[PDB]
Amino acid sequence: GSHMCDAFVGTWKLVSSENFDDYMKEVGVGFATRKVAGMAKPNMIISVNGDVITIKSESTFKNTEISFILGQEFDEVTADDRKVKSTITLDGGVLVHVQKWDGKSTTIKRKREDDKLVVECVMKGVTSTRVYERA
Ligand SMILES: O=C(O)[C@H]1CCN(c2ccccc2)[C@H]1COc1ccccc1
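Residues numbered from 1 in each chain as written, not as in the entry; some residues may be left out. Heavy atoms only, no water.

Another aspect to go through is the UniProt feature "short sequence motif: Nuclear localization signal" in the protein. In the numbering adopted here, UniProt assigns the feature "short sequence motif: Nuclear localization signal" to residues 25–35. Helix makes up 73% of residues 25–35 and strand 0%, with an end-to-end C-alpha separation of 11 Å. (UniProt positions renumbered as here; feature names shortened; annotations may be inferred. Helix = DSSP H or I, 4+ residues; strand = E, 2+ residues; numbered from the N terminus.)

As structure tokens, this is what we get:
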């Protein structure tokens, strides 16, 4: 029972980051958390079981885990410890993750590009790009 989401499954390691501190500033992350989070080189583990997608991040800073069904809102605790309401959908092969909290919104898009999993994080006008490779 293969699914298009299968392109994302596996274990991935962070290899590059751009503009992440500015993105975190826009989200409202405090100085100390930005410094320590920005140093992290997470592994991201993506798995699928039936309709349930699991994305785990493991790092020296924090471990995070979400499980979800596409299009079905859920409660998430982010790496910076926001309590958010999240909805993840697939739009043309791109995983689109919207997080809402305190009247704010940010969108995280995840796409396969060559042998990379590219993660684009947008808050207001500020974009950060984080590139992962297979571990
Ligand atoms: O997936 C990514 O790279 C982005 C996605 C957004 N996000 C983030 C957003 C606001 C504040 C901190 C991180 C990253 C998650 O990164 C980590 C880093 C360490 C441990 C777990 C996850």
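What follows is about the packing of helix 1 (residues 20–27) against helix 2 (residues 31–39). At a minimum axis distance of 10 Å, the contact between helix 1 and helix 2 shows a crossing angle of 145°. Note on packing geometry: the crossing formed by helix 1 with helix 2 is right-handed. Of the residues in helix 2, those touching helix 1 at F20, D21, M24 and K25 are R34, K35, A37 and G38. Per-class residue counts for the contact of helix 1 with helix 2 are 3 nonpolar, 1 polar and 4 charged. (Axes fitted to C-alpha atoms, helices over the stretch in contact; angles between N-to-C directions. Left-handed = near helix turned anticlockwise from the far one by under 90°. Contact = heavy atoms within 4.5 Å. Nonpolar A, V, L, I, M, F, W, Y, C, P; charged D, E, K, R; others polar.)

Okay, the site of the ligand next. Surveying the vicinity of the ligand reveals 16 residues, the closest of which are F20, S59, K62, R130 and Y132. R130 is positioned with one of its side-chain polar atoms (N or O) 2.7 Å from an oxygen atom of the ligand. Here an oxygen atom of the ligand and a side-chain polar atom of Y132 are 2.7 Å apart. Notes on the ligand: free accessible area 490 Å², of which the protein chains cover 95%. At the level of elements, helix 1 and strand 10 (126–134) are the ones that each hand at least two residues to the shell around the ligand. A per-class count over the shell around the ligand returns 9 nonpolar, 3 polar and 4 charged. (Near = heavy atom within 4 Å. Polar contact = N/O pair within 3.5 Å; in protein donor to acceptor, adjacent residues only side chain to side chain. Areas by Shrake-Rupley, 256 points an atom, 1.4 Å probe, with all protein chains shown as cover.)

A separate point is the nonpolar core. Residues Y23, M44, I46, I55, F68, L117 and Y132 are the most contacted members of the largest nonpolar core, which totals 29 residues. Secondary-structure elements contributing two or more residues to this core are strand 1 (10–18), helix 1, strand 2 (43–49), strand 3 (52–58), strand 4 (64–68), strand 6 (83–91), strand 7 (94–101) and strand 9 (116–123). With sequence-adjacent residues up to four places away left out, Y23 is seen in contact with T106, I108, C121, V122, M123, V126 and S128. (Core = buried A, V, L, I, M, F, W, Y, C linked by side-chain atoms within 4.5 Å. Buried < 20%, exposed > 50% of the residue type's maximum accessible area, 1.4 Å probe, protein only.)

We now examine the side chain of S86. With respect to the element layout, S86 can be found in strand 6. Note on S86: relative accessible area 0%, which makes it buried. In this structure the side chain of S86 is engaged in a polar contact, spanning 2.6 Å, whose partner is the side chain of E76. Those residues in contact with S86 that lie beyond four places of it in its chain are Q72, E73, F74, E76, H97, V98 and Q99.

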